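Step one of this worksheet: look at the structure below.
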Ligand SMILES: [Zn+2]
Ligand SMILES: [Zn+2]
Ligand SMILES: [Zn+2]
Ligand SMILES: [Zn+2]
Ligand SMILES: [Zn+2]
Ligand SMILES: [Zn+2]
C-alpha cells in the first residue's frame, strides 16, 4: 500500500509514496523522518487532547529534546502510539513529521503554524499562528 | 493560483502575481514582505476592530517593534491570523504589506494614509489622513 | 508439517517454512533462532500473564541474559514451555524469535514494539510502543 | 562565431571580436568583463522590466556590490540569465559590460547614461541622462 | 564502440572517444573522471527528479563529500545507477563528469551552470545560472 | 565440451575455454578460480533467493571468509551446489568466479556491481551499483 505524502514532501514521486492517494497515517518507515514520526506519535499519546499535544509537538520542532517531553507528561501511563498524520493539511506549514525533521535540522528559533494544527489560545514562544490556506 | 497585487507593487509583472486578477489576501510567501505581512496579520487578530488595528499597523509602519505591539494587546488570547489584504485600495497610499515594509526600511517619521484605511477619529502622531483617490 | 513464518522472515521460501500457511507455534528446530525461541518459551512460563512476560521478553531482546530472567521469577516452579508464536503479528515489529535473535545479535539499545505485543502500561527503558499496522 | 563589440571597445580588432558584425549578446568569456557581464545578466533576471533593471545596473556601475543587488530583489526566484547586450547602442555612453567594468575600476561617483538605456523617470543619484547620439 | 565526449574534453582526439559521434552516456571507464561519473550517477538515482539531483551534483562540484550526499537522501532505497550524460550540452559550462572532476580538483568556491542543467528556482550558494549558448 | 568464459577472462584463448560458445555454468576445474567458484556455488545454495545470495557473494568478494558466510545461513540444510554462471553478463563488472578471485586477491575495500547482478534494494557497504552496459 502506498503512503500519501504532502505535495511539498521530498518523498513525493518516490516508490511507496504518493500525493493524490495513499495512507494518511504512517510512521514513515524507511526514512529518517521515521524517528521524528514515532516521537511525534508518542507525544500524541502523552497528551490525549490535541491542543496541548500540538503545543508539545511545536516545542519539539523548536529543538527541545523528546526526553524532556516525556518528563513533562503529568502521568506515567504509556499506551501504544498511533501513526501521525502524513498530510495534516495541504499548505506549506503542514506539521508533518518531515517538516518537523527539517525544522529540527535547521535549528529554527521560530516556526509558523497554520490553523489546521490546533494550538492553545495563549501565546507560545517561537510559534506564529496563521490561517491554513487549504485543508485536507 | 495567482496573487493579486497593487499596480504600484514591485511584484507586478512577476510569476505568481498579477494586477487585474488574483487572490486579494495573502501572506506573500516567497517575498520579504511576507514577514511584515504575517506581523500585520497578527496585529489584525490582536485588535478585532479594524480602527485600532489599523492604528497599530500605522504605528508598526512608523518603526515601532512588533514585540511592543504584542505587549500593548489588552488580552493574551492568540487566535490564528488571517492573511492581510494585498490590495486594500488602488491609490498610492495603500497600506499593503509591501508599502509597510518599504516605510519601515526607509524609517520614515511620518506617513500619509488614505481613507480606505480606517483610523481612530483622534490624532495619531506621524500619520496624515487623506481621501482615497480610488478604491477597490 | 510446514511451519508458518513471518513474511519478512529469513526462513521464508525455504523447505519446511511458509508465509501463507503452516504451524503458528514452533521452537524453530534446525535454526539458530531455536535457542532464542526456547528461551522465550521459558519466559512465557515464568510469567503466566502475557503483560510482564512480554516485558521480560523485551528485556531479553535488549541483551539481558536469560539467567537473570530466571533469577527474576518470583517462584521456582518450572513447567513445560509451550512453543512461542512464530507469527504474533504481520507488521515489521513482530516479536518473533527470529526478530529477537536479530536484535540480540545487533546489541540494540532500543527497540520498537507494536501493539500486538501487549506490554505493561508503565514505561520500559529502551522500548517504544507503536500501533500494529496489521495483525494476525 | 565572432562576438560583435562596441567601436570604442578595447576588444575591437582582436581575435573573436568585431565591430561591424558578430553576436550582439555575450557573457564575454575569456575577458575580465565576463564577470561584470554575468553580474549584469543576473540583474536583468532579478528585475524583469528593463527600467528598474537598468536602474540596478546603473547602481552597480556606481560601485554598489552585487550582493546588495541580490538582496534588493523582491522575490527569491532565480532563473537562468540571458547574455547582456554587447552593443546596446553605438554612442560613447553605451552601458556595455566593458564600460561598467571600467566605471567600477575607476570608482566613479557619477555616470552619464544615454537614452538607449531606459531608466526610471525619477532622479537617480549619480546618473545623468543624455540623448543617445546614435543607436543600434 | 566509441564514447562521445565534449569538444572541450581532454578525452577529445583519443582512442575510444570522439566529439562528433559515440555513446552519449558513459561511466568513463579507464579515466579518473570515472569515479566522479559513478558518483554523479549515484546522485541521479538518489534524487529521481532532475532538479534536486542537479542541485546535489552542483553541491558535489563545490567540494561537498559524496558521503554527505548519501546522507541527505530521504530514503535508503538503492537502485542501479544509469551512466551520466557525457555531453549534457555543447557549451563551456557543460556539467560533464570531467568538468565536475576539474572543479573538485580546483576546489572552486563558485561555479557557473548553464540552462541545460536544470536547477531549483531558488538560489543555490556558489552557483550562478546562465543561458546555455548551444545545446545538444 | 568447451566452457564459455567472459571476453575479459584470463582463460580466454585457452584450451577448454571459449568466448563465443561453451558451457555457461562451471566450477572451473583446473584453475584457481575453481575454489572461489565452488564457494560461490555453496553461497547460492545457502540463500535460495538470488538477491541475498548475491549480497553474500558481494561480501565474499570484499574479503569476508566463507566460514562466516556458512555461519550466517539461517538453517543447517546443505544441498548440492549447482555450478555458478561463468558469464553472468558481458560487461567489465561481471561477477564471475574469476573476478571474485581477483578482487579477493587485491583485497579491495569497494567493488562496482552491474545491474545484471541483482542486489538488495538497501545499501551494502563497499558495493556501488551501476547499470550493466551489455547483458547475456
Ligand atoms: Zn495548513
Ligand atoms: Zn486608498
Ligand atoms: Zn504488530
Ligand atoms: Zn547610446
Ligand atoms: Zn550548456
Ligand atoms: Zn553486467
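Chains as they are written, first to last, in PDB author numbering: chain A, 174 to 309; chain B, 174 to 309; chain C, 174 to 309; chain D, 174 to 309; chain E, 174 to 309; chain F, 174 to 309.
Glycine is no exception: its CB is placed at the ideal position from the N, C-alpha and C atoms.
Distance between residue j and residue i (C-alpha atoms, nearest Å)
i, j, result
"residue 299 of chain B", "residue 295 of chain A", "32 Å"
"residue 181 of chain F", "residue 191 of chain E", "24 Å"
"residue 201 of chain E", "residue 223 of chain E", "21 Å"
"residue 174 of chain D", "residue 195 of chain D", "7 Å"
"residue 179 of chain B", "residue 240 of chain E", "48 Å"
"residue 264 of chain E", "residue 228 of chain D", "31 Å"
"residue 197 of chain B", "residue 293 of chain A", "29 Å"
"residue 279 of chain B", "residue 219 of chain E", "46 Å"
"residue 186 of chain A", "residue 186 of chain B", "32 Å"
"residue 266 of chain F", "residue 266 of chain C", "37 Å"
Pick from the options that is closest to residue i, judged by C-alpha positions
i, options, result
"residue 242 of chain B", "B:213, B:188, B:202", "B:213"
"residue 310 of chain C", "C:194, C:188, C:204, C:196", "Look at the range of chain C in this structure, 174 to 309, and you will see that residue 310 of chain C is not part of it."
"residue 291 of chain F", "F:254, F:230, F:259", "F:230"
"residue 177 of chain C", "C:261, C:278, C:289, C:277", "C:261"
"residue 248 of chain A", "A:228, A:270, A:221, A:265", "A:221"
"residue 297 of chain C", "C:250, C:289, C:288, C:283", "C:283"
"residue 256 of chain B", "B:183, B:289, B:206, B:184", "B:206"
"residue 225 of chain B", "B:254, B:245, B:183", "B:245"
"residue 277 of chain A", "A:235, A:252, A:266, A:258", "A:235"
"residue 252 of chain B", "A:258, A:288, A:279", "A:288"
"residue 254 of chain E", "F:305, F:183, F:199, F:184", "F:305"
Cβ-Cβ distance between residue i and residue j below 8 Å
i, j, result
"residue 286 of chain B", "residue 309 of chain B", "no"
"residue 273 of chain A", "residue 217 of chain A", "no"
"residue 211 of chain E", "residue 281 of chain F", "no"
"residue 250 of chain E", "residue 307 of chain A", "no"
"residue 270 of chain D", "residue 209 of chain D", "yes"
"residue 301 of chain C", "residue 215 of chain A", "yes"
"residue 199 of chain A", "residue 259 of chain A", "yes"
Residue i Cβ short of 7 Å to ligand 5 heavy atom set
i, result
"residue 262 of chain B", "no"
"residue 305 of chain C", "no"
Check: residue i C-beta below 7 Å from any heavy atom of ligand 3
i, result
"residue 266 of chain C", "yes"
"residue 287 of chain C", "yes"
Residue i CB to nearest heavy atom of ligand 2 below 7 Å
i, result
"residue 308 of chain B", "yes"
"residue 231 of chain E", "no"
Cβ-heavy atom distance, residue i to ligand 6, below 7 Å
i, result
"residue 246 of chain A", "no"
Taking the runs of the alpha helix (DSSP H) that are 4 residues or longer, which of them lie wholly in the region 229-309 of chain B? 239-245, 270-279
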